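To start, the structure under review is shown below, and the notes come after it.
Chains as they are written, first to last, in UniProt numbering: chain A, 31 to 55, 77 to 144; chain B, 31 to 55, 77 to 144; chain C, 31 to 55, 77 to 144; chain D, 31 to 55, 77 to 144; chain E, 31 to 55, 77 to 144.
If you want it as structure tokens, here you go:
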């Protein structure tokens, strides 16, 4: 008899992230999974994923150049950071 | 007898993200999955995903150039960050 | 006997994101899935996804150039961030 | 006997996003899925998706240039962020 | 016996987004799906989707240029953000 209690009585003003998972019983194969319940991808890159069956098989002259550059600013305050009775400020003068 | 209790009694003014998942019983194969319940992708890039069966098979002269640059600003306050009785401010003077 | 209780009694003024999922029992194959219940894609890019069967098969002279640049500003306050009795402000002077 | 209770008694003035999903039992194949219940796509781009069977098969001289640039501003306050008794303001002087 | 209760008793002045889904039992194939119940696409672009069977098959001289630029402003307050007893203002001086 599964019997799960999470955050039953709450009095006040909290700041909560709740993730409750209850369970009971080709190139990429995925089966019966849970992914990225609270997932953050800010600057994620991916080149040439799962190209396929028999690419560039017989003859190929490939020039792969990946120039990642340039002025990029990522200013984040309280990433996945619940708060209460606090002061969060981003000041970019 | 599955019996799940989440946040039964709530008195006050909380700030909550609730994700409750209850369960009971080619190139890319995906089967019976839950993905990205709370997912954030700010600057996500992907070149040449799942091109297909037999690409560039016999002969190919490929020049792949991925120039990622340029002034990009991402200013975020309280990303996936519930708050209560707080002060969140983005000030870009 | 599945029996799920979420946020039964709520007194006050909360700020809640609720996602409850209850369950009981080619190139891309997807089957029996739940995706992106609370999903945010701000700046998402994708070039050449699922091109098809036998592309550029015999002979191909391909020049792939992906120049991503330029002044882009993304100012976000309280992304997926419920709040109560708070002060959220974006001030861009 | 599935028996689900969500937010039964609510007294006050909350701000709620509710997503309840109850269940009981080619190039892209999708089957029996739920997607994007609360999905936000602000600046999403996609070039050359699902081109088809046998494209550019015999001979092809392709010049693919994707110049993404230009002054673009996305100012958002309270994205997927329910609030109560708060003050949300976007001030662009 | 499926038996679902959502937001039975509501006293006060809430601000609610409710999405309840109850269930019981070529190039792109889609079957038995629910999509975009609360979906927002602000600036979404798509070039060359599902071109067809055998395009540019024998010989093709293709010049694909996608110049995305220009001054574009997207100012949004309370996107998918129900609120109560609050003050939402967009001030663009």
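Beta carbons: idealized from backbone N, C-alpha and C, even for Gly.
Asked	Found
With distances taken Cα to Cα, identify the nearest neighbour of residue 119 of chain A among A/107, A/95 and A/46.	A/95
Report the rounded CA-to-CA distance for residue 131 of chain E versus residue 79 of chain A, giving the unit in angstroms.	35 Å
Here's the rule: buried if 16 or more other CB atoms are within 10 angstroms of the residue's CB, otherwise exposed. What is residue 145 of chain A?	No statement about residue 145 of chain A is possible, as the shown extent of chain A runs from 31 to 144 and does not include it.
Rounding to the nearest angstrom, what Cα-Cα distance links residue 133 of chain D and residue 49 of chain C in this structure?	14 Å
Mapping the DSSP letters down to three states, classify residue 123 of chain E as helix, strand or coil.	strand
Please say whether residue 114 of chain B and residue 142 of chain C have beta carbons closer to each other than 9 Å?	no
Suppose contacts are defined by Cβ-Cβ distances below 9 Å. Is residue 124 of chain E in contact with residue 121 of chain D by that definition?	no
Helix, strand or coil for residue 115 of chain E? Go by DSSP, reduced to three states.	strand
Taking the alpha carbon of residue 73 of chain B as the reference point, which residue from A/42, A/106, A/111 and A/34 has its own alpha carbon closest?	What the structure lacks is residue 73 of chain B: chain B is numbered 55, then 77, with the residues between left out.
To the nearest angstrom, how far is it from the Cα of residue 60 of chain D to the Cα of residue 92 of chain B?	Residue 60 of chain D cannot be located in this model; chain D continues from 55 straight on to 77.
Just to confirm my understanding: we take residue 98 of chain D, look at its own chain, exclude 5 residues before and 5 after, and list those with CB closer than 8 Å. What are they?	115 and 117
Would the C-beta of residue 94 of chain A count as close to the ligand PLP, meaning under 8 Å from any of its heavy atoms?	With respect to small molecules bound, the structure shown includes none, and the ligand PLP cannot be examined in it.
Near residue 51 of chain B, which residues of its chain fall below 8 Å by C-beta distance, leaving aside the five closest residues on each side in sequence?	85 and 88
Return the bridge partner residues of residue 134 of chain E from the DSSP annotation.	D/134
Excluding five sequence neighbours on each side, which residues of the same chain lie with their C-beta closer than 7 Å to the C-beta of residue 57 of chain E?	Residue 57 of chain E cannot be placed in this structure, since chain E goes from 55 to 77 without the numbers between.
Could you pull the start and end residues of the beta strand (DSSP E) that residue 93 of chain A belongs to?	89-95
Which word fits residue 128 of chain B, buried or exposed, when buried means at least 16 other C-beta atoms lie within 10 angstroms of its C-beta?	buried
Are the beta-carbon atoms belonging to residue 40 of chain B and residue 39 of chain C less than 9 Å from one another?	yes
I need the straight-line Cα distance from residue 47 of chain A to residue 110 of chain E, nearest angstrom please.	56 Å
In angstroms, rounded to a whole number, what distance separates the CA positions of residue 53 of chain E and residue 81 of chain C?	19 Å
How many angstroms separate the CA atom of residue 103 of chain E from the CA atom of residue 112 of chain A?	28 Å
I'd like the span of the beta strand (DSSP E) that includes residue 41 of chain B, first residue to last.	39-41
Starting from residue 86 of chain D, follow the beta strand (DSSP E) in both directions and report where the run begins and ends.	79-86
Let's test the definition: count the other Cβ atoms within 10 Å of the Cβ of residue 139 of chain C and tell me whether it reaches 16, buried, or not, exposed.	buried
What separation, rounded to the nearest whole angstrom, lies between the Cα atoms of residue 108 of chain A and residue 101 of chain E?	26 Å
To the nearest angstrom, report how far apart residue 55 of chain B and residue 83 of chain D are at their CA atoms.	17 Å
Going by DSSP in three states, residue 128 of chain B sits in which element: helix, strand or coil?	strand
Going by the beta-carbon positions, is the gap between residue 44 of chain B and residue 106 of chain C smaller than 9 Å?	no
Please report the distance separating the alpha-carbon of residue 90 of chain D from that of residue 90 of chain A.	15 Å
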